[PDB]
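Protein chains in written order, with PDB author numbering: chain A, 306 to 534; chain B, 88 to 519; chain C, 2 to 184; chain D, 434 to 440; chain E, 1 to 150; chain F, 154 to 229; chain G, 103 to 111, 138 to 198; chain H, 2 to 179; chain I, 664 to 737; chain J, 1 to 50.
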RNA sequence: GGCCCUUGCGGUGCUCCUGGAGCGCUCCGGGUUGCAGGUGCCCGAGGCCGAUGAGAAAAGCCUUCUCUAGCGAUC
C-alpha cells in the first residue's frame, strides 16, 4: 500500500542485531544487556524478553522451522535455544574467536563467521539441533566477514567481506525439491506475474502476527464468558 | 618465500649490505632489512626466517627487518646455506660443513671434505627424504649423505665436467643437474638412471626451475643472459628467450602452480615473465628497475628535497625519491625522432639514440609551462632539453646556427633562476 | 504489475507501488527537483525546513498586539533580511512573509539567476558553466551551484576573464581584442 | 627434518 | 497445466505401488516408469495437439502391459489382475476415445482402436466401437464386412 | 525426484581440513561453475542478499556500490 | 560414473637403516607436522606411515604425477 | 565495468542462458524460430538417418553407433556429469569429427552435425574440433553457417579474426587465411 | 521460565478476528477446535484430496426437468 | 571422499518446444507452505466480499 | 644539425606499489570466559523568470506492459 503501519520505540539504545523467525513472523532484537526481545507490529511492548548471554549479544539466527534459535555474544559462547515453549539452551560451546554473524540453511546447517574464517556445523537434524562438537567444513576468507546467507534451493553459501564476495560449495545445505507454484527458479515472466497477484490477494494483515501462527484457530475464551454472562 | 597467516608469496633480493622484500602480486616493497657490516654473499629463506651470510659470519633475520640470531665459528667465507627444519647447514670456502640449531645457536655436527678430492659446488635436500642431503662437486662426483647417521650412503660417479646447479624436479626421486659445459641432466637418484639430457652452448648452467602449472616445461639460465625452455614430455627445445637480462642470470624460479617466471640479474632489474601468449611466447608482465650502468651526474631537484635527478652511462635520465620508492620515475632515453620510436620500439631504433649525458642543470620554476632541464651529451655539439612533468625529453636542441660539425663540443651549461634563459659554453671558447 | 481485472481491482484497490503520496510525497518533490536542478535531495530538505521557520515566526508575530513596539521592530527586522536575499518582492506587510516557500530559495541560486540574466538559455547549461569555472561573483570565482546570490551581489555576476565563452561574446560584437583578453 | 635439537 | 497431469499420475500411483508389492518391479524401475509417464503425459495435455503423441502414449502403455505379462509368468503370480491390468486398459481406452473424438476421419486410428479392443478389451467394448465406426463411416462397404465378419 | 547432497570422508579423514579446491575437482561441471570469487577491494566491505527465489543476488558496498545480478548466469 | 565411463569407452641401490627401523616420530608438538595430521590418533606416526604421508603431500602440492616421470 | 569485465571473464559454457530457456535454439539446418519447435525425438531421428546413410558409403563409422547415436547418448546431458565424463565425450566427439571431415560436404554429415549440436552443444564445448573439421572448406557457404553458429565477438578470443565472415555472411578469403 | 519474561497483555486487535460464541452442536471449545484444524486448499493438499474436500452437496444438470421422487425409481 | 551435489537436468525442468507448456513440479511438504491457517482465512474473507 | 626499409601523418591492447583504506605470522603464548533511566524523524505549489521549461531534435540496445486472433476444453 505504501503506508507505515507501526513505529515502535524499543527503549534499548542503539539497534544493530536483528532477525526474523520465518515460521513465527516475529522480529528478534539483540541488545547489550544480553537479552533478546520478541516484537510484533500490534503491541507497543515486546512479546517476550529472553536472557541468553552474560555479555552483549552480537548475532542471532533461527531455523526455517522456527524450532531452534542460535545466538552469540561477547562472552565467546555459542548458544542454541529451543523456541518451542521451553527457551532453554540446548547446547553450549566456547570459541577462540568471536562469531560475528550466524545463518541457517533450509536443511538445518549452521554457519558462524568469526573474523576472516567461516565454520559450518552439521547435525542429523531429524528432530535434533545441530551438533557443536566438531565443525563440518571450514574456509578462510581474504578479509573479515561482514555478511552470510545461504542460497534457498542451491548447495552454495554467500559470503560478503572486505576483499569482495565469494561463493562456497556446501554439499547438503540446500533443500532438493521445490514447489513450482511458490518459488520456481525456472519460471517465465508470465508465471511470475500470475504468482504476484495471487500473493497480493492473499496478504495477511499485520495485527494477526502472534507468537503462535495458529492463534486464530483457538476460540476466544474471555469472549466466551462475557457472552455467557 | 611463502608466508603463514598470509596466503601470498614474497620475493627477497639482496641489495648490497641489506635485502628487500616484495609481494609477487604487484611488486610492491613491504620491508627493508637492517644493514650488516660486510656485503652479503649468500642468502637463504625457510618461510619463518631469512638467512644472510657476510664474511665468515652469518645471521638470521626475523620480520624481514632485524636480526635475532647470529652464528660464529667459521674461519672462511660461506657460499652455501641450506635450511633444514629447525637446523641450518652452512658450507665454507675451505670445505667445512656445519649444522647449527637456529635458536640455541649450538653446533650439531661438523664435517670436513678434502678440497683437492671433493670441493662442494652445489647442495640439495631432496623432498620426502629423511635427513638426507645431496652434495655436488667441481670434480664431477656426487655424494648422498645422511646427517643423522653421519655416514655416506652412496657415491655417484657422475660426469667429468663438474656440477654447477642442483634442483628438485616435480617428482619424488628425480633431480636436475647442471654442468659447466652447458648440459642439463635429469637423473633418478634412487635407481641411478638418466631420463633425458639437454645441452645449451652458452656456458655453465646458472639455475634451473620447473613449471608445475600442468605443462612440462623446464628453464635453464646462462651467463650470457639467455634462457632456454625445454619440453620434458617430448624431450625437445620449446623456445629460447634471448637477452632476458643484459648481464648474467642470477636466479630464475617458476611460481608454484603458476605460469609465471621470476628473474633477476646484475643489471639492477627484477622482472616477471608470463607465458600466456600463443606458442608459449614469454612476455614482460612487471618489472622493478633502476640504472643499469654507473652513474655520471646526480643533483638535488626541488627546494623540498624529496627527489634527486640522476644520469647514467646507459643514456637515461631518472628521478629517485628520498622518502619512498613508489614515487620513483624515469624520464626515458635520449632520442631524436620520438615518433619513429613509437613505431618500432626502443630496439631496432638504436641509431637515433643519443650519447650519455655528462652534465646537466635543472631549475624548478616554470616547470609546468615549459622545459626546465638543460643537458650536454658526450662528444656532441648540441644541448638537449628535458621536461620533468611530462617525464620525457624536450622539443629543442640548442646550438649555434653557424656551426654544424661535431668537432667542437659543449662543455658548460647553466640555467637562470627565473628559468627563461640557458647559458651554454663551447670548447672553442664561445658563450651563448 | 499486470493490468488488474474487474474482480481483482475491487479486492486490490488502493494498491500502487510507485505512488505513495501520503508517505514520502515523492511526486510533488520530483517536480521541484527537475524544475530547479538540485544535485541532492538533502538540499531541498534544508530549504523546506528553513521556510517553515520563516512562516512560523510570522504567524507568532501576528498574534502579538498590533500596537506593540516589540512587534513593529521585529517585523521591520524580518522583512529587510528577506528582501535583501530576494525572497520577498517588496518590504510591505507580513502578508508577503507568508508566501515564501522552499522554491523561493531555489530561485535565488546562481544557476537560475544566470538564466534570468540571459547569459545562458538552458538550466543544465547554466549549471555546466559554474562547474567549469566560467562565472565569477566579483573577483572570486564560484564553482558551487548551491550559492544564493544577494540582490546587491546580483549586479556583479559576470564571465571570468580569459574564458572561451567571453571570447565568443566579444567576437560576435566585433569587440575582440587579443591584447586585453589574453594579455 | 627430524634432527634432535641437542647433541 | 500440471494439475490434470498430476491427477493422472496420482491415479497411476496405486497400480505402481501394487506392482512394487508384487516384487515384479523394483523401486528404481517404478521411478523410471513415473518419469517417462509424466513426460508422455505432458505432451497430450497441451493446447496444441498432435496425433503422434497419442500414438506414443498408447504404444508405451502397450509395451508396459507386455512387460508385465512376460514377468508374471516367470514369477508365477496371477493375483491382482484387476488392480493393474484393468486400470491400464481403461486408461488406454480413454486415450483412444479422446483421439478418435479429435480425429474422426482417420480410418487407421479406428482400426488400431479395434485391434486393441480385440486383444485387451471386453467384447461389449468392441461392440460399442463398431457402432461408433459405422455411424460416421457408413459409406465404406468394407467396414460393414469387417463388423459382420467379427 | 531429487536427493540431498552429501560429503563423508574415508579412512578416518576429517571433513574440516577438506578445502574447496578438492571439492571442485570432484564435482560436476555445473556445480563447479557456481564457485567464484569476485574481487572488489577498492570499495568497502559488502553486504549481500539472495532473492527468495535463489536465481538472483544483490549486494551493497560500504563505500556505496550497489549492484543486482543473476548469479547462475554471469549477467549484470 | 565408472559404469558410464566404460560405456563411453626395481631394487633401490641404497638403503637407510634409520628408515628401515620402525621408530615413531611426534607428528603433534612439531609445527610442520601438526598441519599434516588427519585425525587425533596420529599424534605419533611410524617411519613407514610418515613416508607415504610425506609422499602424498608432495604429489598433492605438485598436482599429481607427471607423465614423463614414469 | 570492472565488475562487468570480471563477470564476463567468469562466464562459462556450462552456465549459458540458452540452457535454461527455449526462446533461442542454435541449429545448422534451420532458422532458430523453427528450430525452437523441434522435439528431441525428431533431432535424434535426423541424426540416426544421417548416420545410417553414412554407414553405406563408409563402414568404419559403426563404432560411433553406441557412444553418440544411441539411447544412452540421447538421455545424457553433459552438465550433469563430472569432468572425466566430459573429457571422454570430448575424445569421442573429436574422433567422430575427424572421421566426418572428409564427408562434410555431403548432407548426411550435416544431419549428424546437426544432431551433435542439438544434443551436446559442440559449438560451445568443442569449438576447436569443429573449426578443425570445417576449415578445409572455408570457400563454401555451409562453412559460413558453421561460423555463424559460434560466438566470437570478444576481441581477445582466439577466433576473433573470423568475425567478419559471421557478420557479413561471406566465405573466408584465402589471402586472409595465408 | 528461568530468565524469560512473557508479556501477559492480550492482543485485542487479533482477538477481534477470533470466534466469540461456541457453535452448535458443540458443548466444549476443545470439540469445535478439532474440526477447523484441517486445511482444504490445493496448496497444502493433493489434487484428488482437494476434489474430495470441495465436493458439492447438490449437483443439478443445467437443462433437465427435476421430477419428484417416485417409489425409489419404481 | 564421496561427494554428490544436486544437479537438475535442464531438459527435465524446461519445456522442449515453444508449443509446449511450462512444467510445474509440486511439493506438499508443510515446511515449504507455512501459515496454512491465516492464509486460508484471508481467501475465505475475500470469497464473501466477491 | 645528426635519422637513410621513410613519413609537418594517425590509432589501438596489456604493465606501472590506496595516507587514513588488504590488519593479524622469529621465539614465547590463547587455557578453566571463570536487564539503571531513552517519544525520535518527515510533511509549502505564488516566479520582478527564460525559451512548454529533467530545452529541443535524431539514431542504435535492454526493462515493463497493452490489444486482438486462432488454439485448448469431445474422456
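Beta carbons: idealized from backbone N, C-alpha and C, even for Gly.
Taking CB distances under 8 angstroms as the criterion, tell me whether residue i reaches chain C.
i                      : result
residue 538 of chain A : Only positions 306 to 534 of chain A appear in this structure, which leaves residue 538 of chain A out of reach.
Can you give the beta carbon distance from residue i to residue j, rounded, assuming they're within the 8 angstroms contact cut?
i                      : j                      : result
residue 219 of chain B : residue 141 of chain G : In fact, because the Cβ distance is near 14 angstroms, the residues do not count as touching under 8 angstroms.
residue 423 of chain A : residue 367 of chain A : Not really, about 19 angstroms apart at Cβ, beyond 8 angstroms.
residue 115 of chain H : residue 61 of chain H  : Wrong, their Cβ atoms sit about 21 angstroms apart, outside the cutoff.
residue 497 of chain B : residue 444 of chain B : 11 angstroms between Cβ atoms; not a contact.
residue 131 of chain B : residue 169 of chain B : 7 angstroms
residue 49 of chain J  : residue 161 of chain F : Incorrect: roughly 55 angstroms between the Cβ atoms, too far for contact.
For residue i and chain E, any beta-carbon pair shorter than 8 angstroms?
i                      : result
residue 673 of chain I : no
Residue i CB to nearest chain A CB: under 8 angstroms?
i                      : result
residue 189 of chain C : Outside the displayed span of chain C (2 to 184) sits residue 189 of chain C, for which this structure offers no information.
residue 4 of chain J   : yes
Within its chain, find whatever has a CB closer than 7 angstroms to the CB of residue i; leave out the 5 residues flanking it on each side and keep chain order.
i                      : result
residue 76 of chain C  : 62 and 95
residue 144 of chain C : 131, 132 and 134
residue 112 of chain H : 47, 48, 50 and 51
residue 399 of chain A : 381 and 382
Near residue i, what residues of its chain come up, given a Cβ to Cβ distance below 8 angstroms and the 5 sequence neighbours on each side ignored?
i                      : result
residue 380 of chain A : 358, 359 and 360
residue 259 of chain B : 214 and 215
residue 178 of chain C : 171
Please tell me whether residue i has its Cβ less than 8 angstroms away from any Cβ of chain F.
i                      : result
residue 12 of chain H  : yes
residue 162 of chain G : no
Measuring only between beta-carbons, confirm whether residue i sits less than 8 angstroms from chain I.
i                      : result
residue 502 of chain A : no
residue 383 of chain A : no
residue 13 of chain J  : no
Tell me, please, whether the CB atom of residue i is closer than 8 angstroms to any CB atom in chain G?
i                      : result
residue 534 of chain B : A question about residue 534 of chain B goes unanswered here, because the residues of chain B that appear run from 88 up to 519.
residue 215 of chain B : yes
Can you determine whether any heavy atom of the ligand FAD sits closer than 7 angstroms to the C-beta of residue i, and answer yes or no?
i                      : result
residue 393 of chain A : Ligands are entirely absent from the displayed structure, and the ligand FAD is therefore not among its contents.
Got a sec: is the Cβ-Cβ distance from residue i to anything in chain J below 8 angstroms?
i                      : result
residue 183 of chain F : yes
residue 325 of chain A : no
residue 147 of chain H : no
Please list, in chain order, all residues of the same chain as residue i whose beta carbon is under 6 angstroms from its beta carbon, the five residues on each side excluded.
i                      : result
residue 249 of chain B : 225, 227 and 267
> If you pair each beta-carbon of the region 445 to 463 of chain A with each one of the region 116 to 131 of chain E, do three or more pairs fall below 8 angstroms?
Replying inline: In this structure the region 445 to 463 of chain A does not touch the region 116 to 131 of chain E; the number of beta carbon pairs closer than 8 angstroms is below three.
> What residues in the region 390 to 415 of chain A have a beta carbon less than 9 angstroms from any beta carbon of chain F?
Replying inline: For the region 390 to 415 of chain A, which is checked against every Cβ of chain F, the residues closer than 9 angstroms are 412.
> Are the region 147 to 159 of chain C and the region 114 to 124 of chain C touching by the rule of at least three beta carbon pairs closer than 8 angstroms?
Replying inline: Verdict: yes, contact present.
> Just checking, does the region 328 to 341 of chain A make contact with the region 349 to 362 of chain A on the three C-beta pairs under 8 angstroms criterion?
Replying inline: As far as the Cβ criterion goes, the region 328 to 341 of chain A touches the region 349 to 362 of chain A, which means the pair count is three or higher.
> Do three or more CB pairs link the region 493 to 511 of chain A to the region 5 to 16 of chain C at distances below 8 angstroms?
Replying inline: The region 493 to 511 of chain A vs the region 5 to 16 of chain C: in contact.
>> Check whether the region 15 to 33 of chain H and the region 173 to 188 of chain F touch, using three or more Cβ-Cβ pairs below 8 angstroms as the test.
In response: Result yes; three or more Cβ-Cβ pairs closer than 8 angstroms.
>> I want to know whether the region 19 to 38 of chain J touches the region 707 to 727 of chain I - three or more CB-CB distances under 8 angstroms.
In response: Yes, the region 19 to 38 of chain J touches the region 707 to 727 of chain I.
>> Three Cβ pairs or more, each shorter than 8 angstroms: is that satisfied between the region 484 to 492 of chain A and the region 507 to 521 of chain A?
In response: Contact fails: fewer than three Cβ-Cβ distances are below 8 angstroms.
> For the region 304 to 316 of chain B against the region 338 to 357 of chain B, are there 3 or more C-beta pairs whose distance is under 8 angstroms?
Replying inline: Yes: at least three Cβ pairs fall under 8 angstroms.
> If contact means a Cβ-Cβ distance below 9 angstroms, which residues of the region 348 to 359 of chain A contact chain I?
Replying inline: Listed by position, the residues of the region 348 to 359 of chain A near chain I (Cβ gap below 9 angstroms) are 348, 350, 351, 352, 353, 354, 355, 356 and 357.
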